[PDB]
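Trainee: Protein sequence lines, in the order shown, are assigned to chains A and A'. A prime marks a further copy of an entry chain.
Numbered by the entry's author numbering, the letters in the first sequence go through residues 188 to 280, 284 to 454 in order.
Numbered by the entry's author numbering, the letters in the second sequence go through residues 188 to 280, 284 to 454 in order.
One structure is given below, represented as structure tokens, and several questions about it will come after.
There are 2 protein chains.
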Amino acid sequence: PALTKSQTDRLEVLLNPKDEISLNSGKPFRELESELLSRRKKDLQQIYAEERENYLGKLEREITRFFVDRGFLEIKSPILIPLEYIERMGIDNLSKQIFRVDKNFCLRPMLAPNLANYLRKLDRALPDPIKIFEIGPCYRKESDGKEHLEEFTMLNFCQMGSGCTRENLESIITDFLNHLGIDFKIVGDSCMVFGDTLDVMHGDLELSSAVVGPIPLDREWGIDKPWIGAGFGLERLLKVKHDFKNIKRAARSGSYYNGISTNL
Amino acid sequence: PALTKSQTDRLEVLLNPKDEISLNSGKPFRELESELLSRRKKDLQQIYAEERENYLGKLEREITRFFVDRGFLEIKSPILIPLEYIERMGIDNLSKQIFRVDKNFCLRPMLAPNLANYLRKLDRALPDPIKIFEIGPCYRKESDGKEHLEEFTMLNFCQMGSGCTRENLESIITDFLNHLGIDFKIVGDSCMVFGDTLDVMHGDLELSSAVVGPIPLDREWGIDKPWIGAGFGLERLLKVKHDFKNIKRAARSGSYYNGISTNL
Ligand SMILES: Nc1ncnc2c1ncn2[C@@H]1O[C@H](COP(=O)(O)OP(=O)(O)OP(=O)(O)O)[C@@H](O)[C@H]1O
Ligand SMILES: Nc1ncnc2c1ncn2[C@@H]1O[C@H](COP(=O)(O)OP(=O)(O)OP(=O)(O)O)[C@@H](O)[C@H]1O
Ligand SMILES: N[C@@H](CCCCNC(=O)O[C@@H]1/C=C/CCCCC1)C(=O)O
Ligand SMILES: N[C@@H](CCCCNC(=O)O[C@@H]1/C=C/CCCCC1)C(=O)O
Ligand SMILES: [K+]
Ligand SMILES: [K+]
Ligand SMILES: [K+]
Ligand SMILES: [K+]
Ligand SMILES: [Mg+2]
Ligand SMILES: [Mg+2]
Ligand SMILES: [Mg+2]
Ligand SMILES: [Mg+2]
Ligand SMILES: [Mg+2]
Ligand SMILES: [Mg+2]
Numbered sequence: 188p189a190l191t192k193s194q195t196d197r198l199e200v201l202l203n204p205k206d207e208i209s210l211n212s213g214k215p216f217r218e219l220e221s222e223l224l225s226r227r228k229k230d231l232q233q234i235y236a237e238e239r240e241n242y243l244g245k246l247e248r249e250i251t252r253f254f255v256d257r258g259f260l261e262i263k264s265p266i267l268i269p270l271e272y273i274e275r276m277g278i279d280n284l285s286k287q288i289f290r291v292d293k294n295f296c297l298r299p300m301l302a303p304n305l306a307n308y309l310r311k312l313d314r315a316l317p318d319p320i321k322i323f324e325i326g327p328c329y330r331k332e333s334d335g336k337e338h339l340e341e342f343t344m345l346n347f348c349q350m351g352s353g354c355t356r357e358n359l360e361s362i363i364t365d366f367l368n369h370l371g372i373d374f375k376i377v378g379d380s381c382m383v384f385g386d387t388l389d390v391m392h393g394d395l396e397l398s399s400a401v402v403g404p405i406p407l408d409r410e411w412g413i414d415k416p417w418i419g420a421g422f423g424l425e426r427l428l429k430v431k432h433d434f435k436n437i438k439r440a441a442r443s444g445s446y447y448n449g450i451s452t453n454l
Numbered sequence: 188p189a190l191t192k193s194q195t196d197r198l199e200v201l202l203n204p205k206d207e208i209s210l211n212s213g214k215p216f217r218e219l220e221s222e223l224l225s226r227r228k229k230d231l232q233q234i235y236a237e238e239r240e241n242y243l244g245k246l247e248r249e250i251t252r253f254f255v256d257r258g259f260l261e262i263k264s265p266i267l268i269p270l271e272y273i274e275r276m277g278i279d280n284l285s286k287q288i289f290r291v292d293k294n295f296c297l298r299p300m301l302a303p304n305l306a307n308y309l310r311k312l313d314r315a316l317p318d319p320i321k322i323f324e325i326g327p328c329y330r331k332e333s334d335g336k337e338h339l340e341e342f343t344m345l346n347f348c349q350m351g352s353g354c355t356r357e358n359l360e361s362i363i364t365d366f367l368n369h370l371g372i373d374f375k376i377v378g379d380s381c382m383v384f385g386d387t388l389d390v391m392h393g394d395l396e397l398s399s400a401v402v403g404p405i406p407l408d409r410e411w412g413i414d415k416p417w418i419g420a421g422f423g424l425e426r427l428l429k430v431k432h433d434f435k436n437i438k439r440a441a442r443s444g445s446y447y448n449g450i451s452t453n454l
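In structure tokens, the structure reads:
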């Protein structure tokens, strides 16, 4: 009773992290499949009877309450953005990761350009310091794998004016991940766009890159004050919280609901 | 003291529906502009001090609670979808409204295809009737104007199995718009994709098209039961609630926050 690769793939789709079932136990495929189908139908029936909230939707709402309560303004900006923003962030023709739309547009690969525009504009009207955040879809063409999606969901929070120090940035990151119950460490890294970053790690998984400005790119966006900011992937936070093996369990998907296969 | 078209446009950007200020009162542009800038800075400072929630985000959360409480499952499905879904919904090469991405993808112009897939899949696992809904971004290339956006936000709720009658569909639409406090009437219309529709009107503004199945298109999506469904534009609901003259006030935007100009 050896399982084919097709049979193992079907069982892995139906397996969830809390199961203490092994696919190599010697039981035939028909019994492993029947048992896992029964467990997952039960799981989906319980969600329909008692919860009915989507994991990505529910986490966005929880994060939104956290930042609104700490004084950050909730932003919802365009997902379809000018291709020119890509040139101005300095992603010089990484640029291969961009989804193009028609002649002059693209799907945004990050939230920073739209939020830079909001920091600049709101500094003319609001008292110091300016505190804002956005949650929503972002897009990158990626090598397939366990920690990257082509369509994912970003949180970016940022602050401009007073209080924009490394120690305050680390304190907000720490209060945020303590609220979610997720352990982490900070390591130094760097990238083209922003220079040196403080990367927020859970083991070898990058949850966030964060930046303490000013940086030379600021003049291109009309930013002329100290600032701090961090970008987090929500599907990666869900992967840690629910111990998913593959980040697809967490994604916008017709193939999983709250980590449960929809092929039942 | 006559105002140029550029000056009137600047004042219209700064004017809000609750103002009882006229741009033709004879006052010079410099005084009308200073007064409206002061009002809008005050308005934005009050939002930052006391609310901090985005109108599109807040309405999505309110609608989500309404449908979850009435027994509908919250869905979050892909925004970037196969171009093939467009052919299969019968949008035969209206097809000019589609944003293409690379060779084989597009931005979704509606939520129905992804929700048809979820109805089919969930009918294998959940008790009758199947009740689901989604809220999120949709995309159509449009003639510019006061009631159409290229990037907008759709609610679609639907049900399959028992209870899928014209009278139950009208009763859910009625309970939903009574919850939001919006008056409406129902008129018959039709379209290519679905055939006859029940259009939900507020005056001459179309809030929704709704459908009582079965329809011949069902076989293409593997749907084989009675069903009912309705699609609503959130920016149009916000336009009615806040008496906006132009639907851009309601949109994802770097140019307005909760209907207030960000150019201050
Ligand atoms: N393709 C993707 N899929 C899912 N989440 C992603 C993806 N790209 C970035 N993120 C998330 O967005 C955050 C901010 O983006 P950033 O540009 O720092 O990513 P990155 O450094 O390119 O990530 P990686 O090094 O893993 O490719 C990341 O820390 C990660 O949580
Ligand atoms: N371009 C758009 N901008 C904003 N809302 C829209 C747009 N297109 C459709 N909607 C909203 O989505 C709902 C469901 O879509 P439907 O296909 O019935 O629109 P429609 O009949 O093409 O609208 P219209 O006749 O105004 O173009 C509409 O009733 C409307 O509330
Ligand atoms: N690298 C991380 C985000 C880093 C934080 C960005 N925060 C922010 O929105 O404000 C920036 C303001 C500075 C002016 C230059 C342009 C950037 C906008 C990511 O891609 O998720
Ligand atoms: N015309 C409106 C929506 C009408 C309701 C659709 N409801 C739904 O999601 O389920 C449909 C199930 C039937 C099988 C055929 C494919 C359609 C999916 C709009 O574009 O907003
Ligand atoms: K397991
Ligand atoms: K996806
Ligand atoms: K007015
Ligand atoms: K928009
Ligand atoms: Mg990367
Ligand atoms: Mg990295
Ligand atoms: Mg990074
Ligand atoms: Mg139309
Ligand atoms: Mg119409
Ligand atoms: Mg219609």
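Yeah, the Cβ is synthetic: ideal placement off N, Cα and C, and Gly gets one too.
In chain order, which alpha helix (DSSP H) runs of at least 4 residues are fully inside the segment 293-317 of chain A?
Mentor: Runs found: 302-312.
Trainee: Determine which residues share a DSSP beta bridge with residue 282 of chain A' and list them.
Mentor: Looking at chain A', the numbering goes 280 and then 284, which leaves residue 282 of chain A' without any coordinates in this model.
Trainee: Report yes if the C-beta distance between residue 161 of chain A and A':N241 is below 8 Å; otherwise report no.
Mentor: With chain A covering only 188 through 454, there is no way to say anything about residue 161 of chain A.
Trainee: State the beta-bridge partners of A:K214 as determined by DSSP.
Mentor: For A:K214, which the question treats as bridged, DSSP gives no partner whatsoever.
Trainee: Give me the DSSP bridge partner(s) of A':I325.
Mentor: According to DSSP, A':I325 bridges with A':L345.
Trainee: So is A':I266 in contact with chain A if we call contact Cβ pairs under 8 Å?
Mentor: So, interface residue.
Trainee: What did DSSP end up calling A':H338 once you bin it into helix, strand or coil?
Mentor: Coil at A':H338, not helix or strand.
Trainee: Mind pulling the beta strand (DSSP E) runs of 3 or more residues that sit fully within the segment 361-394 of chain A'?
Mentor: Counting whole runs of 3 or more residues, the segment 361-394 of chain A' contains the beta strand (DSSP E) stretches 375-381 and 385-392.
Trainee: Should the segment 217-234 of chain A be called in touch with the segment 310-322 of chain A', which here means at least 3 C-beta pairs below 8 Å?
Mentor: Because the criterion of three Cβ pairs below 8 Å is met, the segment 217-234 of chain A and the segment 310-322 of chain A' touch.
Trainee: Anything in chain A within Cβ reach of A':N307, meaning under 7 Å, just list it in chain order.
Mentor: Those are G444, listed as they occur along chain A.
Trainee: Assign A':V401 to buried or exposed, taking buried as 16 or more other Cβ atoms, counted over all protein chains shown, within 10 Å of its Cβ.
Mentor: Answer is buried; the Cβ neighbour count reaches 16.
Trainee: Straight-line CA distance for A:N304 to A:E222?
Mentor: Cα to Cα, the separation comes out at about 48 Å.
Trainee: So which residues of chain A' does residue 166 of chain A contact, with C-beta pairs closer than 7 Å?
Mentor: With chain A covering only 188 through 454, there is no way to say anything about residue 166 of chain A.
Trainee: Am I right that A:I266 and A':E341 are in contact with their C-beta atoms under 8 Å? What's the rounded C-beta distance?
Mentor: Indeed, because the Cβ distance is near 7 Å, the residues count as touching under 8 Å.
Trainee: For the alpha helix (DSSP H) that contains A':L267, what are its first and last residues?
Mentor: No alpha helix (DSSP H) holds A':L267; the beta strand (DSSP E) holding it covers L267 to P269.
Trainee: Using the beta-carbon of each residue, find all residues closer than 5 Å to any heavy atom of ligand 2 and list them in chain order.
Mentor: Cβ atoms closer than 5 Å to ligand 2 belong to A':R330, A':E332, A':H338, A':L339, A':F342, A':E396, A':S398, A':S399, A':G421, A':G423 and A':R426.
Trainee: Find the residues of chain A' that neighbour A:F342, judging by a C-beta separation of less than 9 Å, and give them in chain order.
Mentor: Going along chain A', no residue has its Cβ under 9 Å from A:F342, so there is no contact; the nearest lies around 11 Å.
Trainee: So which residues on chain A does A':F289 lean against when the C-beta distance must stay under 9 Å?
Mentor: Those within 9 Å of A':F289 in chain A are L267, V291, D292 and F295.
Trainee: How many angstroms separate the CA atom of A':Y447 from the CA atom of A':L424?
Mentor: Between A':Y447 and A':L424, the C-alpha separation is close to 16 Å.
Trainee: Quick check on the burial criterion: 16 or more other C-beta atoms within 10 angstroms. Buried or exposed for A:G421?
Mentor: A:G421 should be labelled buried.
Trainee: Can you confirm whether A:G244, when its beta carbon is compared against all beta carbons of chain A', has any partner nearer than 8 Å?
Mentor: Yes - at least one Cβ of chain A' is within 8 Å of the one on A:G244.
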